[PDB]
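Colleague: Have a look at the structure that comes next, please.
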Amino acid sequence: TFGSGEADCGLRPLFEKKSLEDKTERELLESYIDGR
Amino acid sequence: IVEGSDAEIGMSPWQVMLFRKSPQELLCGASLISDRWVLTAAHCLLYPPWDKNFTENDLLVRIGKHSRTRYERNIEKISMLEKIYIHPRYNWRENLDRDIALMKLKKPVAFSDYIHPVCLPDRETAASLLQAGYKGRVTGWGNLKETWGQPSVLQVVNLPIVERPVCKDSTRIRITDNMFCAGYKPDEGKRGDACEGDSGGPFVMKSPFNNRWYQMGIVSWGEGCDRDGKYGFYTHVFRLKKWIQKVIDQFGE
Amino acid sequence: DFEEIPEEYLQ
Ligand SMILES: *[C@@H]1O[C@H](CO)[C@@H](O)[C@H](O)[C@H]1NC(C)=O
């Protein structure tokens with residue numbers, strides 16, 4: 001509700017919570033070079 | 001969204017539609033950041049040059065949607081607005097600097113598989129992800145082309161953040177530290193952009209550290225849609241976070 | 001064009 005709000009924010013019920021990936025999120029992750 | 005694709009069901013559960021009561025039309029996108037607060041672009045509500053000045057009684061927010069035009073019975077939730085807060089220094093006279101607004105819902109919305117809030121970035125997440133070349137994602141029900149051309153369901157497109165010098169050199173508009181631009185360059189072979197109807201919507205990124213989605217920007221403005229040598233501009237959410245936290249702390253509950 | 005929504009939300 002302002003950064004330090006909602007301990008559950010950003011975790012999608014149909015994806016992260018079930019450990020399923022959407023069709024194109026890998027494209028995002030692959031672009032973050034020098035993080036992982 | 002231009003050159004995007006159909007979103008999967010539940011793919012952006014924080015996506016919000018700003019809907020005009022009468023006539024009933026799509027006004028802008030927005031995002032759910034908690035059970036009672038929605039974030040959007042100030043210019044979706046207030047823009048004197050075009051005699052635009054909506055009050056809380058002129059609008060409705062529809063949450064959990066997928067189809068652009070249907071009333072998604074038992075899935076979407078429609079909420080009325082209690083109060084609208086525009087940033088006191090939103091510059092509509094010159095360049096849309098600080099193009100941000102908060103909307104307090106009359107009653108908290110219940111979360112579900114289709115309705116869930118996105119996170120707001122903290123200093124380190126912004127520092128680590130807001131870099132040229134890194135891709136974010138934009139979603140919305142806006143036009144599919146600069147001159148339609150309307151999608152049947154929510155569209156999505158992933159776009160790379162562009163170096164500031166390049167953003168500045170693509171427009172005659174004065175860019176500020178409260179904006180960043182995104183899109184592919186003429187020679188990258190890929191394209192895509194937000195368009196009319198998509199403004200106010202979220203530009204999100206997924207943290208590789210904790211796997212959460214963060215809203216880094218708000219679709220703010222652009223010159224045309226998906227034009228070569230031009231880029232979409234976004235409100236820098238982290239730079240304005242103190243204002244956000246301030247409004248929620250004072251008028252929350 | 002948009003499907004009408006319930007009256008409840010328009011009052
Ligand atoms: C928008 O309308 C409100 C009252 O509804 C008014 O106070 C405000 O001055 C208007 N915005 C403009 C024209 O600057």
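Residue numbering restarts at 1 in every chain; chains get A, B, ... in the order shown in the structure tokens, and ligands count up from 1 in that same order.
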Counting only C-alpha atoms and all ligand atoms, what are the residues, protein, DNA or RNA alike, that approach ligand 1 to within 12 Å? I want them as number ranges by chain.

Modeller: B: 42-43, 45-58, 83-86, 88, 90-93

Colleague: I need the strand (DSSP E or B) residues of region 43-248 of chain B per DSSP on the backbone, written as number ranges by chain.

Modeller: B: 46-47, 52-53, 59-63, 67, 77-86, 91, 97, 101-105, 119, 135-140, 153, 155-161, 179-182, 193, 202-206, 213-221, 232-236

Colleague: What's the separation between CA of residue 121 (chain B) and CA of residue 2 (chain A), in Å to one decimal place?

Modeller: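 Value for the CA of residue 121 (chain B)-CA of residue 2 (chain A) distance: 9.0 Å.
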
Colleague: Pull the closest atom pair for each residue of region 139-208 of chain B that gets at most 10 Å from region 7-22 of chain A, along with the distance in Å to one decimal, counting only C-alpha atoms, ordering rows by chain and then ascending residue number, as a tab-separated table.

Modeller:
```
residue	atom	partner	partner_atom	distance
B:204	CA	A:10	CA	9.8
B:205	CA	A:10	CA	9.8
B:206	CA	A:10	CA	8.4
B:207	CA	A:10	CA	9.6
```

Colleague: Starting from chain B, keep only residues with some atom at most 6 Å from an atom of chain A, counting only C-alpha atoms, and report them as a ChimeraX atom specification.

Modeller: /B:33-34,113,117-120,134-135,212-213,245

Colleague: Emit the selected residues as a compact mmCIF listing (two decimals), in the first residue's frame, including N, CA, C and O atoms.

Modeller:
```txt
# COMPACT_ATOMS: atom_id res chain seq x y z
N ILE B 33 -2.68 -1.35 -6.26
CA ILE B 33 -1.50 -1.47 -5.40
C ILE B 33 -1.84 -1.91 -3.97
O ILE B 33 -0.95 -2.09 -3.15
N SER B 34 -3.13 -2.04 -3.65
CA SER B 34 -3.55 -2.53 -2.32
C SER B 34 -5.05 -2.80 -2.43
O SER B 34 -5.62 -2.61 -3.49
N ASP B 113 -8.17 -15.06 -7.77
CA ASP B 113 -7.18 -15.53 -8.74
C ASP B 113 -6.93 -14.47 -9.83
O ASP B 113 -5.89 -14.50 -10.49
N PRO B 117 -2.73 -7.30 -5.99
CA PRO B 117 -1.90 -6.11 -6.14
C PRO B 117 -0.45 -6.32 -6.58
O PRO B 117 0.16 -7.37 -6.31
N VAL B 118 0.10 -5.31 -7.25
CA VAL B 118 1.49 -5.34 -7.71
C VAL B 118 2.29 -4.64 -6.61
O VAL B 118 1.71 -3.92 -5.80
N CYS B 119 3.60 -4.86 -6.54
CA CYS B 119 4.41 -4.19 -5.53
C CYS B 119 4.97 -2.86 -6.04
O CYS B 119 5.17 -2.66 -7.24
N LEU B 120 5.25 -1.95 -5.10
CA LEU B 120 5.88 -0.68 -5.48
C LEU B 120 7.35 -0.89 -5.17
O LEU B 120 7.70 -1.52 -4.18
N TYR B 134 17.39 -3.53 -20.06
CA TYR B 134 16.51 -4.41 -19.28
C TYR B 134 15.06 -4.23 -19.75
O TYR B 134 14.61 -3.10 -19.99
N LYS B 135 14.33 -5.33 -19.86
CA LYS B 135 12.96 -5.25 -20.35
C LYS B 135 11.89 -5.24 -19.28
O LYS B 135 12.02 -5.86 -18.24
N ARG B 212 9.11 -11.36 -7.40
CA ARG B 212 7.89 -10.56 -7.33
C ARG B 212 7.85 -9.54 -8.47
O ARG B 212 8.88 -9.10 -8.97
N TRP B 213 6.64 -9.18 -8.87
CA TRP B 213 6.46 -8.17 -9.90
C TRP B 213 6.39 -6.80 -9.25
O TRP B 213 5.66 -6.61 -8.28
N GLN B 245 3.43 7.36 -0.60
CA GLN B 245 3.41 6.93 0.79
C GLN B 245 2.75 7.99 1.69
O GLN B 245 2.03 7.67 2.64
```

Colleague: What does the distance from CA of residue 189 (chain B) to CA of residue 146 (chain B) come to in Å, to one decimal?

Modeller: 19.2 Å

Colleague: Using only C-alpha atoms and a distance of at most 7 Å, pull out the residues of chain C that contact chain B, as a ChimeraX atom specification.

Modeller: /C:1-3,5
